[PDB]
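Okay, structure first, notes after.
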Amino acid sequence: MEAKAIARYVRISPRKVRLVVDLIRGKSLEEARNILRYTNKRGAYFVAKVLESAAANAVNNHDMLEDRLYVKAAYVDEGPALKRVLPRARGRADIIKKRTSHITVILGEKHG
Amino acid sequence: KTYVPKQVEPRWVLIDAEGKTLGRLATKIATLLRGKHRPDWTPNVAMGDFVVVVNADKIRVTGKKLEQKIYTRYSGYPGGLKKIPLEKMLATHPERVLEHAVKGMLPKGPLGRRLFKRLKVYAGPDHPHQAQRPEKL
Amino acid sequence: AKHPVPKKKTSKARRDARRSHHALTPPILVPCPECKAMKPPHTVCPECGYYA
Amino acid sequence: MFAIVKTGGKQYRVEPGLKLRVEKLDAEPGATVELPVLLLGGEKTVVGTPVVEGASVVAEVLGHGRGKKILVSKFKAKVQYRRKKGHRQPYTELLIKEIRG
Amino acid sequence: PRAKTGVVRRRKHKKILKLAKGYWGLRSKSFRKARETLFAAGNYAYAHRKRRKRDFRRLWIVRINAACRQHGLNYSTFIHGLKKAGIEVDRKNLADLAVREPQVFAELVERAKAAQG
RNA sequence: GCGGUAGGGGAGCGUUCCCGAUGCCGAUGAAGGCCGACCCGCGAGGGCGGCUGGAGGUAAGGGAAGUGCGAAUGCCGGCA
RNA sequence: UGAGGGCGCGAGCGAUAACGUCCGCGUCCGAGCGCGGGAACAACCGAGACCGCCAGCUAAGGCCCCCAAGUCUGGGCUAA
RNA sequence: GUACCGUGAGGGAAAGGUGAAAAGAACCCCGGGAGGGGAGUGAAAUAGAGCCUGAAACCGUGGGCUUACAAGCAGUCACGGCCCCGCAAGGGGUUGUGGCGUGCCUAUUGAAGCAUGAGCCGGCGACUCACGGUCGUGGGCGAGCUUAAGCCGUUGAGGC
Ligand SMILES: [Mg+2]
Ligand SMILES: [Mg+2]
Ligand SMILES: [Mg+2]
Ligand SMILES: [Mg+2]
Ligand SMILES: [Mg+2]
Ligand SMILES: [Mg+2]
Ligand SMILES: [Mg+2]
Ligand SMILES: [Mg+2]
Ligand SMILES: [Mg+2]
Ligand SMILES: [Mg+2]
Ligand SMILES: [Mg+2]
Ligand SMILES: [Mg+2]
Ligand SMILES: [Mg+2]
Ligand SMILES: [Mg+2]
Ligand SMILES: [Mg+2]
Ligand SMILES: [Mg+2]
Ligand SMILES: [Mg+2]
Ligand SMILES: [Mg+2]
Ligand SMILES: [Mg+2]
Ligand SMILES: [Mg+2]
Ligand SMILES: [Mg+2]
Ligand SMILES: [Mg+2]
Ligand SMILES: [Mg+2]
Ligand SMILES: [Mg+2]
Ligand SMILES: [Mg+2]
Ligand SMILES: [Mg+2]
Ligand SMILES: [Mg+2]
Ligand SMILES: [Mg+2]
Ligand SMILES: [Mg+2]
Ligand SMILES: [Mg+2]
Ligand SMILES: [Mg+2]
Ligand SMILES: [Mg+2]
Ligand SMILES: [Mg+2]
Ligand SMILES: [Mg+2]
Ligand SMILES: [Mg+2]
Ligand SMILES: [Mg+2]
Ligand SMILES: [Mg+2]
Ligand SMILES: [Mg+2]
Ligand SMILES: [Mg+2]
Ligand SMILES: [Mg+2]
Ligand SMILES: [Mg+2]
Ligand SMILES: [Mg+2]
Ligand SMILES: [Mg+2]
Ligand SMILES: [Mg+2]
Ligand SMILES: [Mg+2]
Ligand SMILES: [Mg+2]
Ligand SMILES: [Mg+2]
Ligand SMILES: [Mg+2]
Ligand SMILES: [Mg+2]
Ligand SMILES: [Mg+2]
Ligand SMILES: [Mg+2]
Ligand SMILES: [Mg+2]
Ligand SMILES: [Mg+2]
Ligand SMILES: [Mg+2]
Ligand SMILES: [Mg+2]
Ligand SMILES: [Mg+2]
Ligand SMILES: [Mg+2]
Ligand SMILES: [Mg+2]
Ligand SMILES: [Mg+2]
Ligand SMILES: [Mg+2]
Ligand SMILES: [Mg+2]
Ligand SMILES: [Mg+2]
Ligand SMILES: [Mg+2]
Ligand SMILES: [Mg+2]
Ligand SMILES: [Mg+2]
Ligand SMILES: [Mg+2]
Ligand SMILES: [Mg+2]
Ligand SMILES: [Mg+2]
Ligand SMILES: [Mg+2]
Ligand SMILES: [Mg+2]
Ligand SMILES: [Mg+2]
Ligand SMILES: [Mg+2]
Ligand SMILES: [Mg+2]
Ligand SMILES: [Mg+2]
Ligand SMILES: [Mg+2]
Ligand SMILES: [Mg+2]
Ligand SMILES: [Mg+2]
Ligand SMILES: [Mg+2]
Ligand SMILES: [Mg+2]
Ligand SMILES: [Mg+2]
Ligand SMILES: [Mg+2]
Ligand SMILES: [Mg+2]
Ligand SMILES: [Mg+2]
Ligand SMILES: [Mg+2]
Ligand SMILES: [Mg+2]
Ligand SMILES: [Mg+2]
Ligand SMILES: [Mg+2]
Ligand SMILES: [Mg+2]
Ligand SMILES: [Mg+2]
Ligand SMILES: [Mg+2]
Ligand SMILES: [Mg+2]
Ligand SMILES: [Mg+2]
Ligand SMILES: [Mg+2]
Ligand SMILES: [Mg+2]
Ligand SMILES: [Mg+2]
Ligand SMILES: [Mg+2]
Ligand SMILES: [Mg+2]
Ligand SMILES: [Mg+2]
Ligand SMILES: [Mg+2]
Ligand SMILES: [Mg+2]
Ligand SMILES: [Mg+2]
Ligand SMILES: [Mg+2]
Ligand SMILES: [Mg+2]
C-alpha cells in the first residue's frame, strides 16, 4: 500500500524547495530524515515536516511498518502566488511575486 | 516495393597506386567507397568496400602540378591561412593528397565521413594484412 | 531597460539546460563513536559529547 | 513462377497466388479477370515483341475500396492564398491464381 | 439577437492543434506557430509527392547501371539495346531483377546485346 | 477546359435567435469539456465510440442577425 | 486600376558612365519567390503545376566523383 | 458613483455560482500553527467552502522512444531500429541515416530580409440601420396600381 501527505499553501518559492525535494526522492525514511536534518536549505524545514507527518499518516492510518517504508514519490507544485506592488525609480512601479508551493510526499511498503 | 537490403557483409579490396594518376584513381576509389558498383545500392546505409591503397608516394600527376598546385588550410587566427605545395606534401606525409582528393569527392553527410574512415592509405606498401587482400586495378 | 537587452525569449529547453548544474549534493556524514546518530565529520554534535 | 503484368498503367511482378493492390478495374465485384497484359515468366520468357504473343495471367477481383485520405495543401505566402483538398485514390484488390501463360 | 464567439474559435483551434502534435517546442503547443508550420509542411508534402518519383527513378537507374556494368556495358547501352530489342518491358523499377533472379537479368543483357546492332 | 493578387460571379459550412413547440429528445444522463488509428463530405464541417459532466436541448422545412479573428506598438485578464 | 519593374530592340538626355533617366514595339515578372537548367540568382534558357501512381517519353542543360546519365566513337588544336 | 486617483472641477474600477438540505466534517492521528491523513455526512467531496461545469498558456511527477564528430524556419518523403493496439494484413508513437526545403501578416518595382507588427494563451473586436434612389429579382394587379395619418377591432386578428 501507499500513503500520501500534502502541505499546501506554503509561503515559499516552489523552484527553490524543489532542489531539496529532489535530494530525498526515492530514499529510506531514515535516509531522508538525516539528509533533510543536515541540509543547508530553507525548504528543508517544510519538506521534512510534511515528510514526518507523512510517515505518521502511513503508520497510524495504513498500518505499514515504519522500519522499512521509503520515499516512493515526492513533488512540489505552484500555489496561487501573491502579487505585491513595489516602488521604483522615476515613478515607475514594478510588481513582485511572493510565490507559494504545494508540497507532496508519498511513501510505501519496503518489498514483497 | 523496392528491395530492402538486409545486414550486408563488408568487402575489403587492395588497390595499387604506382603510376596511377591521382584524379582518376581517386574517383574510381570514391565510387568503390559507396556501394554504387553493387546492385544492392542504398544511399542511406553505406555498405561499400574497404578500399586500401599502397605506395601512395608513387602517384603520377600531369603538368607543373607538382610545383604549382597549392593545398590551403586555415586556423581561426588572423593571417592563419597556411598553404603548402604538393611537392612538400609528398616530402612529408604523402597519402594526405590521396585522402584529400577522395574526401573532396565524398557526400558531405556523416556517412561520408564513415566511408572516409573505411579507407586505408600507405606508401610502403604492406599494411594490416588481416584477412582479405583482393587486388584490383 | 538601458543598454543591453535579450533579443529573444530563451527556449525552455535552453533554460533547463542552463539549470543543469543547479542540483544539490547530499550532506556528508559519518556515524559518531558515542551515540548511534549521524554526525558531520570533524565536528562535535548534541545528543553526544567528546573526549579530551 | 515470376510474372510481369501491366495494368492500371503500371507494371507489377506477381507470384502464383498472392494478394495485390491495383488501380480500379471496371469488372464484377468478385468474378474472374484475365490480365492479357503479361511479360516474362518464371523459367525466362523475354517479351521480344512488347507483349508475349501467347500468354496470360488469371486473377480474381477480390474487392473494391478507397485509399486512406491524403490532404493536399497549397499555400502561397504574401498573397493570402490557401487551398485544402481531401483525396482518396480508389483501388481494387486483385487475388492472383493460375499463371497459365 | 447576440451571438458570442462561443465554442467555435476553440474548436477550430483545437482541430489545427491536433495536427501540430509531434512538432518541436511552441510550434506544437501554440496554435499560431502550429498553423504556419502546418502550412509549410503541407507544401513540402505536395512537392515531395512529386520528388518521390524522381528519387525512385534515380535509385533504380543506379542499381540497374551497376548490375549492368557487371556484365560489360553501361546503362546507356543497356537501355538503347533494350528499347531497340522491342522490349518496352520493365518499368525501370522492375529491373530489380538485378537483385533477385540475376540470371533472367543476364539473358536480358544478351537479348539487348544482339538486338543492339 | 481548370497557375493566379486586386476584382466580379456561383455554390455551400458553422454560431445566436423565432415559426415548426400545449410538440419531440433528456437520469437507461441535456449543453459544455477531454480522447480517437472509426464513418460521411473536395472543403468549411457533420456523425459515431470511450471518458468527464450534471439539466437542459431542439429535427425535416423556413425565418432574423450584436454571425465566424492571427496580427490593428489593438482592448481586458491569465502566465512565461 | 491610374508609384510599376527587368530584359531585347529603336532613339532622346548623360559621358557611344550607371542596377541612371524619358519615350516607342515586343516580351516575361508583377499576378508564376509553383516546377527542371543557369552553383545560390522575381523577370536569361526550358516550361503554364485540378488530384493521386515506387509507370513511360522528351525540353533547356548535361552524361569523371560530390550528382542522375559516355572516363562513348572518329578527327584536329592548345602547354598556359 | 464606493475603493482608489486628483489641490480642485473631475476621473473611476473590479468583484454573481457548495448542496435538495449545513447534514459546514465530531473524535483519533502528524503539526507551533497553517495544512493534511483516517473516520463521518452526502447521489456525488474529482460539490470542502471565492467550493457547479475546470478549456488554453504555464509549472511539475512517472512512463515509452531518442541524443554527447554534429551545421539546424526545426518540417517533409523514403527505408530501418526500439516501443505499443491487433488472429490476419495492417495501424499508432518515437527518430537513426538519406533526398529536398530563404517563418506569418503588412507595405512593395521587388523580401528570406539588416523594412513594419505580434512574448505566449483566452475572451471582446470592425461593412450596419433609417429614409430616399438605382438596376436586377420572386410574386399581386394591370390602363391602371397603391394607400399615409387615423378610426374600428383584437390583445402576436386583422379590417376600414
Ligand atoms: Mg528523478
Ligand atoms: Mg521558516
Ligand atoms: Mg508506403
Ligand atoms: Mg595529375
Ligand atoms: Mg585534416
Ligand atoms: Mg542536413
Ligand atoms: Mg584513415
Ligand atoms: Mg525536463
Ligand atoms: Mg571534533
Ligand atoms: Mg471507367
Ligand atoms: Mg467468383
Ligand atoms: Mg501583399
Ligand atoms: Mg495580395
Ligand atoms: Mg468574435
Ligand atoms: Mg515527429
Ligand atoms: Mg524515369
Ligand atoms: Mg486561366
Ligand atoms: Mg482559377
Ligand atoms: Mg494585389
Ligand atoms: Mg442568448
Ligand atoms: Mg418563442
Ligand atoms: Mg415555442
Ligand atoms: Mg440517477
Ligand atoms: Mg428515469
Ligand atoms: Mg436508453
Ligand atoms: Mg453516463
Ligand atoms: Mg456518471
Ligand atoms: Mg445553447
Ligand atoms: Mg447546440
Ligand atoms: Mg458530451
Ligand atoms: Mg459533397
Ligand atoms: Mg473530421
Ligand atoms: Mg469531427
Ligand atoms: Mg461524444
Ligand atoms: Mg429547473
Ligand atoms: Mg433551424
Ligand atoms: Mg485579425
Ligand atoms: Mg493579437
Ligand atoms: Mg496583456
Ligand atoms: Mg514577470
Ligand atoms: Mg490621379
Ligand atoms: Mg502614371
Ligand atoms: Mg516609379
Ligand atoms: Mg507618371
Ligand atoms: Mg507595363
Ligand atoms: Mg516593359
Ligand atoms: Mg515567367
Ligand atoms: Mg504590386
Ligand atoms: Mg503572366
Ligand atoms: Mg528553384
Ligand atoms: Mg536552381
Ligand atoms: Mg529556377
Ligand atoms: Mg554553369
Ligand atoms: Mg560558375
Ligand atoms: Mg536555346
Ligand atoms: Mg481531386
Ligand atoms: Mg519518344
Ligand atoms: Mg552549353
Ligand atoms: Mg540537347
Ligand atoms: Mg570523356
Ligand atoms: Mg575521352
Ligand atoms: Mg572522348
Ligand atoms: Mg576525343
Ligand atoms: Mg483601500
Ligand atoms: Mg492634477
Ligand atoms: Mg479623495
Ligand atoms: Mg474601467
Ligand atoms: Mg441549487
Ligand atoms: Mg478532515
Ligand atoms: Mg507561538
Ligand atoms: Mg452521483
Ligand atoms: Mg454519477
Ligand atoms: Mg466560506
Ligand atoms: Mg452548479
Ligand atoms: Mg472546480
Ligand atoms: Mg483544479
Ligand atoms: Mg487543470
Ligand atoms: Mg537506443
Ligand atoms: Mg576530424
Ligand atoms: Mg542544410
Ligand atoms: Mg532502450
Ligand atoms: Mg526526421
Ligand atoms: Mg546514426
Ligand atoms: Mg533529415
Ligand atoms: Mg503607402
Ligand atoms: Mg539591408
Ligand atoms: Mg525601420
Ligand atoms: Mg515605414
Ligand atoms: Mg503589419
Ligand atoms: Mg517588436
Ligand atoms: Mg502581429
Ligand atoms: Mg491578445
Ligand atoms: Mg456596406
Ligand atoms: Mg446606381
Ligand atoms: Mg441605369
Ligand atoms: Mg433571380
Ligand atoms: Mg405566381
Ligand atoms: Mg413583376
Ligand atoms: Mg403579368
Ligand atoms: Mg409612413
Ligand atoms: Mg412617402
Ligand atoms: Mg391597436
Ligand atoms: Mg383572450
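By convention here, the chains of the C-alpha cells are called A, B, ... in the order presented, each chain's residues are numbered starting at 1, and ligands are numbered starting at 1 in the order presented.
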- Item | At most 12 Å to chain E: residues in chain H, only C-alpha atoms (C1' of nucleotides), as a list in words | residues 55, 56, 57, 58, 73, 74, 75, 76, 77, 78, 79, 93, 94, 95, 98, 99, 100, 101, 103, 104, 105, 118, 119, 120, 121, 122, 123, 124 and 125 of chain H
Given a cut-off of 9 Å, which residues of chain A touch chain C, counting only C-alpha atoms, written out as a PDB file with N, CA and C atoms, in the first residue's frame?
ATOM      1  N   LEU A  19      14.690  21.786  -5.268  1.00  0.00           N
ATOM      2  CA  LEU A  19      16.069  21.335  -5.135  1.00  0.00           C
ATOM      3  C   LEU A  19      16.216  20.382  -3.963  1.00  0.00           C
ATOM      4  N   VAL A  20      15.473  20.658  -2.898  1.00  0.00           N
ATOM      5  CA  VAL A  20      15.513  19.826  -1.705  1.00  0.00           C
ATOM      6  C   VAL A  20      14.698  18.557  -1.900  1.00  0.00           C
ATOM      7  N   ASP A  22      14.192  16.993  -4.554  1.00  0.00           N
ATOM      8  CA  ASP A  22      14.898  16.098  -5.459  1.00  0.00           C
ATOM      9  C   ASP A  22      16.036  15.364  -4.752  1.00  0.00           C
ATOM     10  N   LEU A  23      16.433  15.861  -3.586  1.00  0.00           N
ATOM     11  CA  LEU A  23      17.568  15.297  -2.863  1.00  0.00           C
ATOM     12  C   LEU A  23      17.183  14.069  -2.031  1.00  0.00           C
ATOM     13  N   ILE A  24      15.885  13.875  -1.812  1.00  0.00           N
ATOM     14  CA  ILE A  24      15.395  12.767  -0.991  1.00  0.00           C
ATOM     15  C   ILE A  24      14.564  11.778  -1.796  1.00  0.00           C
ATOM     16  N   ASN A  34      17.859  12.028   7.952  1.00  0.00           N
ATOM     17  CA  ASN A  34      19.212  12.541   8.125  1.00  0.00           C
ATOM     18  C   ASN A  34      19.550  13.635   7.118  1.00  0.00           C
ATOM     19  N   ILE A  35      19.260  13.357   5.849  1.00  0.00           N
ATOM     20  CA  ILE A  35      19.581  14.288   4.771  1.00  0.00           C
ATOM     21  C   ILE A  35      18.936  15.651   4.986  1.00  0.00           C
ATOM     22  N   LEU A  36      17.629  15.660   5.215  1.00  0.00           N
ATOM     23  CA  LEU A  36      16.923  16.907   5.474  1.00  0.00           C
ATOM     24  C   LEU A  36      17.413  17.556   6.762  1.00  0.00           C
ATOM     25  N   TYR A  38      20.424  17.621   7.905  1.00  0.00           N
ATOM     26  CA  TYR A  38      21.680  18.336   7.699  1.00  0.00           C
ATOM     27  C   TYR A  38      21.755  19.092   6.369  1.00  0.00           C
ATOM     28  N   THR A  39      20.601  19.454   5.819  1.00  0.00           N
ATOM     29  CA  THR A  39      20.567  20.236   4.588  1.00  0.00           C
ATOM     30  C   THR A  39      20.553  21.730   4.893  1.00  0.00           C
ATOM     31  N   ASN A  40      21.405  22.475   4.195  1.00  0.00           N
ATOM     32  CA  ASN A  40      21.601  23.899   4.450  1.00  0.00           C
ATOM     33  C   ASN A  40      20.492  24.793   3.887  1.00  0.00           C
TER      34      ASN A  40
END
- Could you give me, as a PyMOL selection string, the residues within 8 Å of segment 1-9 of chain F, counting only C-alpha atoms (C1' of nucleotides) and dropping anything in the same chain fewer than 6 positions from it? (chain D and resi 79) or (chain G and resi 31-32+34+48-50)
Go ahead and save the residues from that selection, with N, CA and C atoms (P, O5', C5', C4', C3', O3' and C1' of nucleotides), as a PDB file, in the first residue's frame.
ATOM      1  N   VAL D  79       0.381  36.640 -50.354  1.00  0.00           N
ATOM      2  CA  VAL D  79      -0.857  36.903 -51.077  1.00  0.00           C
ATOM      3  C   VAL D  79      -1.989  35.992 -50.622  1.00  0.00           C
TER       4      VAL D  79
ATOM      5  P     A G  31       1.851  40.781 -57.193  1.00  0.00           P
ATOM      6  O5'   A G  31       1.484  39.386 -57.866  1.00  0.00           O
ATOM      7  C5'   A G  31       0.550  38.505 -57.254  1.00  0.00           C
ATOM      8  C4'   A G  31      -0.030  37.532 -58.251  1.00  0.00           C
ATOM      9  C3'   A G  31       0.993  36.788 -59.112  1.00  0.00           C
ATOM     10  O3'   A G  31       0.505  35.477 -59.401  1.00  0.00           O
ATOM     11  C1'   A G  31      -0.459  38.021 -60.503  1.00  0.00           C
ATOM     12  P     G G  32       0.581  34.308 -58.298  1.00  0.00           P
ATOM     13  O5'   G G  32       1.685  33.310 -58.860  1.00  0.00           O
ATOM     14  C5'   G G  32       3.013  33.757 -59.104  1.00  0.00           C
ATOM     15  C4'   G G  32       3.880  32.648 -59.646  1.00  0.00           C
ATOM     16  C3'   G G  32       5.290  33.065 -60.066  1.00  0.00           C
ATOM     17  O3'   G G  32       6.249  32.082 -59.671  1.00  0.00           O
ATOM     18  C1'   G G  32       4.109  32.139 -61.935  1.00  0.00           C
ATOM     19  P     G G  34       6.678  30.471 -53.724  1.00  0.00           P
ATOM     20  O5'   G G  34       6.983  29.193 -54.628  1.00  0.00           O
ATOM     21  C5'   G G  34       6.599  29.159 -55.995  1.00  0.00           C
ATOM     22  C4'   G G  34       6.100  27.792 -56.396  1.00  0.00           C
ATOM     23  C3'   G G  34       7.065  26.928 -57.197  1.00  0.00           C
ATOM     24  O3'   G G  34       8.013  26.257 -56.388  1.00  0.00           O
ATOM     25  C1'   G G  34       4.948  26.903 -58.234  1.00  0.00           C
ATOM     26  P     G G  48       4.285  24.088 -71.896  1.00  0.00           P
ATOM     27  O5'   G G  48       3.820  24.958 -70.649  1.00  0.00           O
ATOM     28  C5'   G G  48       2.445  25.045 -70.303  1.00  0.00           C
ATOM     29  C4'   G G  48       2.260  25.290 -68.828  1.00  0.00           C
ATOM     30  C3'   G G  48       0.809  25.289 -68.359  1.00  0.00           C
ATOM     31  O3'   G G  48       0.729  24.753 -67.041  1.00  0.00           O
ATOM     32  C1'   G G  48       1.788  27.400 -67.912  1.00  0.00           C
ATOM     33  P     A G  49      -0.420  23.693 -66.670  1.00  0.00           P
ATOM     34  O5'   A G  49      -0.046  23.244 -65.190  1.00  0.00           O
ATOM     35  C5'   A G  49       0.573  21.992 -64.927  1.00  0.00           C
ATOM     36  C4'   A G  49       0.624  21.728 -63.445  1.00  0.00           C
ATOM     37  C3'   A G  49      -0.535  22.308 -62.648  1.00  0.00           C
ATOM     38  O3'   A G  49      -1.678  21.468 -62.649  1.00  0.00           O
ATOM     39  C1'   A G  49       1.507  22.901 -61.612  1.00  0.00           C
ATOM     40  P     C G  50      -2.842  21.668 -63.740  1.00  0.00           P
ATOM     41  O5'   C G  50      -4.188  21.525 -62.901  1.00  0.00           O
ATOM     42  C5'   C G  50      -4.506  22.459 -61.882  1.00  0.00           C
ATOM     43  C4'   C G  50      -5.377  21.851 -60.808  1.00  0.00           C
ATOM     44  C3'   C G  50      -4.867  20.580 -60.148  1.00  0.00           C
ATOM     45  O3'   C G  50      -3.858  20.797 -59.180  1.00  0.00           O
ATOM     46  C1'   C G  50      -7.144  20.316 -60.682  1.00  0.00           C
TER      47        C G  50
END
- Message: Just to confirm, what's the straight-line distance from atom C1' of residue 1 of chain G to atom 1 (Mg, counted along the ligand's line) of ligand 45 in Å (one decimal)?
- Response: 12.7 Å
Hey, what does DSSP flag as strand (DSSP E or B) within chain A? Can you give it to me as an mmCIF file with N, CA and C atoms, in the first residue's frame?
data_model
loop_
_atom_site.group_PDB
_atom_site.id
_atom_site.type_symbol
_atom_site.label_atom_id
_atom_site.label_comp_id
_atom_site.auth_asym_id
_atom_site.auth_seq_id
_atom_site.Cartn_x
_atom_site.Cartn_y
_atom_site.Cartn_z
ATOM 1 N N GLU A 2 0.283 2.384 -0.388
ATOM 2 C CA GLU A 2 0.982 3.663 -0.357
ATOM 3 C C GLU A 2 0.277 4.662 0.563
ATOM 4 N N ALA A 3 1.019 5.668 1.020
ATOM 5 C CA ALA A 3 0.485 6.651 1.959
ATOM 6 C C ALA A 3 0.933 8.076 1.625
ATOM 7 N N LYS A 4 -0.040 8.936 1.344
ATOM 8 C CA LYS A 4 0.211 10.294 0.875
ATOM 9 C C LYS A 4 0.142 11.321 2.010
ATOM 10 N N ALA A 5 0.763 12.478 1.796
ATOM 11 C CA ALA A 5 0.567 13.651 2.651
ATOM 12 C C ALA A 5 0.981 14.921 1.913
ATOM 13 N N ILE A 6 0.171 15.966 2.061
ATOM 14 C CA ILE A 6 0.360 17.195 1.304
ATOM 15 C C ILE A 6 0.252 18.441 2.174
ATOM 16 N N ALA A 7 1.322 19.224 2.199
ATOM 17 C CA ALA A 7 1.296 20.539 2.819
ATOM 18 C C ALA A 7 1.096 21.610 1.750
ATOM 19 N N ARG A 8 -0.101 22.183 1.702
ATOM 20 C CA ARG A 8 -0.441 23.163 0.676
ATOM 21 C C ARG A 8 -0.279 24.593 1.185
ATOM 22 N N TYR A 9 -0.200 25.538 0.255
ATOM 23 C CA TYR A 9 -0.157 26.959 0.581
ATOM 24 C C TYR A 9 1.035 27.336 1.461
ATOM 25 N N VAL A 10 2.211 26.802 1.145
ATOM 26 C CA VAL A 10 3.424 27.157 1.879
ATOM 27 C C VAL A 10 4.096 28.382 1.279
ATOM 28 N N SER A 28 15.220 5.889 1.826
ATOM 29 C CA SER A 28 14.680 5.346 3.063
ATOM 30 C C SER A 28 14.197 6.475 3.962
ATOM 31 N N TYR A 70 9.618 4.002 2.725
ATOM 32 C CA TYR A 70 10.570 4.807 1.964
ATOM 33 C C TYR A 70 9.853 5.869 1.137
ATOM 34 N N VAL A 71 10.614 6.769 0.520
ATOM 35 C CA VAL A 71 10.031 7.801 -0.335
ATOM 36 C C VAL A 71 9.679 7.239 -1.707
ATOM 37 N N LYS A 72 8.471 6.698 -1.826
ATOM 38 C CA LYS A 72 8.012 6.129 -3.088
ATOM 39 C C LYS A 72 7.919 7.220 -4.134
ATOM 40 N N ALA A 73 7.424 8.384 -3.725
ATOM 41 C CA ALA A 73 7.352 9.516 -4.641
ATOM 42 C C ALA A 73 7.287 10.836 -3.889
ATOM 43 N N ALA A 74 7.653 11.916 -4.573
ATOM 44 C CA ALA A 74 7.665 13.238 -3.963
ATOM 45 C C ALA A 74 7.716 14.311 -5.029
ATOM 46 N N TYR A 75 7.003 15.405 -4.793
ATOM 47 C CA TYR A 75 6.987 16.503 -5.746
ATOM 48 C C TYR A 75 6.422 17.778 -5.137
ATOM 49 N N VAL A 76 6.537 18.876 -5.874
ATOM 50 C CA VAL A 76 6.071 20.172 -5.404
ATOM 51 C C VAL A 76 5.491 20.961 -6.570
ATOM 52 N N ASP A 77 4.328 21.565 -6.357
ATOM 53 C CA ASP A 77 3.680 22.355 -7.395
ATOM 54 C C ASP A 77 3.547 23.797 -6.967
ATOM 55 N N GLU A 78 3.056 24.635 -7.870
ATOM 56 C CA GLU A 78 2.918 26.053 -7.576
ATOM 57 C C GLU A 78 1.518 26.369 -7.061
ATOM 58 N N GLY A 79 1.456 27.079 -5.939
ATOM 59 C CA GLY A 79 0.201 27.571 -5.409
ATOM 60 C C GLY A 79 -0.039 28.972 -5.925
ATOM 61 N N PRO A 80 -1.252 29.503 -5.716
ATOM 62 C CA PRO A 80 -1.616 30.844 -6.187
ATOM 63 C C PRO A 80 -0.702 31.911 -5.603
ATOM 64 N N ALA A 81 0.258 32.369 -6.401
ATOM 65 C CA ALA A 81 1.266 33.316 -5.940
ATOM 66 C C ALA A 81 0.651 34.642 -5.499
ATOM 67 N N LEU A 82 1.412 35.402 -4.716
ATOM 68 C CA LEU A 82 0.931 36.662 -4.167
ATOM 69 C C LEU A 82 1.622 37.855 -4.805
ATOM 70 N N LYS A 83 0.879 38.610 -5.606
ATOM 71 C CA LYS A 83 1.432 39.797 -6.247
ATOM 72 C C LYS A 83 1.480 40.971 -5.271
ATOM 73 N N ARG A 84 2.623 41.648 -5.207
ATOM 74 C CA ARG A 84 2.792 42.777 -4.297
ATOM 75 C C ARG A 84 3.404 43.968 -5.014
ATOM 76 N N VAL A 85 2.774 45.134 -4.903
ATOM 77 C CA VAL A 85 3.296 46.343 -5.541
ATOM 78 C C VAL A 85 4.665 46.721 -4.964
ATOM 79 N N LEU A 86 5.553 47.204 -5.823
ATOM 80 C CA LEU A 86 6.904 47.552 -5.416
ATOM 81 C C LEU A 86 7.385 48.810 -6.132
ATOM 82 N N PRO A 87 7.726 49.840 -5.344
ATOM 83 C CA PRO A 87 8.203 51.138 -5.831
ATOM 84 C C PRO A 87 9.483 51.013 -6.646
ATOM 85 N N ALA A 93 6.792 51.657 -11.384
ATOM 86 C CA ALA A 93 6.401 50.781 -10.290
ATOM 87 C C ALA A 93 6.262 49.348 -10.774
ATOM 88 N N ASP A 94 7.132 48.472 -10.291
ATOM 89 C CA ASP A 94 7.097 47.087 -10.734
ATOM 90 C C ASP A 94 6.431 46.246 -9.665
ATOM 91 N N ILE A 95 5.842 45.115 -10.035
ATOM 92 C CA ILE A 95 5.241 44.268 -9.013
ATOM 93 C C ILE A 95 6.050 42.992 -8.791
ATOM 94 N N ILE A 96 6.205 42.659 -7.518
ATOM 95 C CA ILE A 96 6.921 41.479 -7.071
ATOM 96 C C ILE A 96 5.949 40.312 -6.954
ATOM 97 N N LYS A 97 6.477 39.094 -6.957
ATOM 98 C CA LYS A 97 5.625 37.915 -6.854
ATOM 99 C C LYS A 97 6.061 36.979 -5.731
ATOM 100 N N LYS A 98 5.563 37.230 -4.524
ATOM 101 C CA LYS A 98 5.785 36.317 -3.412
ATOM 102 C C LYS A 98 5.028 35.025 -3.685
ATOM 103 N N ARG A 99 5.686 34.105 -4.382
ATOM 104 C CA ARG A 99 5.059 32.858 -4.798
ATOM 105 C C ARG A 99 4.812 31.914 -3.631
ATOM 106 N N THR A 100 4.254 30.751 -3.944
ATOM 107 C CA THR A 100 3.908 29.763 -2.936
ATOM 108 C C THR A 100 3.883 28.381 -3.572
ATOM 109 N N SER A 101 3.975 27.341 -2.748
ATOM 110 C CA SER A 101 4.103 25.982 -3.265
ATOM 111 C C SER A 101 3.367 24.906 -2.455
ATOM 112 N N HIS A 102 2.735 23.977 -3.170
ATOM 113 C CA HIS A 102 2.106 22.806 -2.565
ATOM 114 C C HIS A 102 3.072 21.619 -2.575
ATOM 115 N N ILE A 103 3.483 21.169 -1.393
ATOM 116 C CA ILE A 103 4.445 20.075 -1.282
ATOM 117 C C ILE A 103 3.759 18.742 -1.007
ATOM 118 N N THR A 104 4.162 17.704 -1.731
ATOM 119 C CA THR A 104 3.525 16.396 -1.616
ATOM 120 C C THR A 104 4.542 15.267 -1.495
ATOM 121 N N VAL A 105 4.364 14.431 -0.476
ATOM 122 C CA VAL A 105 5.212 13.261 -0.301
ATOM 123 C C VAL A 105 4.356 12.019 -0.132
ATOM 124 N N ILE A 106 4.701 10.948 -0.838
ATOM 125 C CA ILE A 106 4.013 9.676 -0.640
ATOM 126 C C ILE A 106 5.022 8.539 -0.425
ATOM 127 N N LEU A 107 4.675 7.641 0.498
ATOM 128 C CA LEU A 107 5.528 6.517 0.883
ATOM 129 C C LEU A 107 4.858 5.182 0.592
ATOM 130 N N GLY A 108 5.562 4.096 0.892
ATOM 131 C CA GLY A 108 5.038 2.767 0.649
ATOM 132 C C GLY A 108 5.854 1.689 1.331
#
- Task: Throw together the list of residues within 9 Å of ligand 94, counting only C-alpha atoms (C1' of nucleotides) and all ligand atoms, and drop it here as a list in words.
- Result: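 Listing the residues within 9 Å of ligand 94 gives residues 133, 134 and 135 of chain H.
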Atoms to include: C-alpha atoms (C1' of nucleotides). Write the selected residues as a PDB file, in the first residue's frame.
ATOM      1  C1'   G H 133     -32.683  56.473 -55.213  1.00  0.00           C
ATOM      2  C1'   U H 134     -30.893  52.801 -58.990  1.00  0.00           C
ATOM      3  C1'   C H 135     -30.550  48.193 -61.907  1.00  0.00           C
TER       4        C H 135
END
- At most 12 Å from ligand 8 (only C-alpha atoms (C1' of nucleotides) and all ligand atoms): residue list as a ChimeraX atom specification: /C:12-20 /H:59-61
Which residues of chain D sit at most 9 Å from chain H, using only C-alpha atoms (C1' of nucleotides)? Give each one's shortest atom pair and distance in Å (one decimal place), in chain and ascending residue order, as JSON lines.
{"residue": "D:77", "atom": "CA", "partner": "H:104", "partner_atom": "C1'", "distance": 8.1}
{"residue": "D:78", "atom": "CA", "partner": "H:105", "partner_atom": "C1'", "distance": 7.6}
{"residue": "D:80", "atom": "CA", "partner": "H:105", "partner_atom": "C1'", "distance": 9.0}
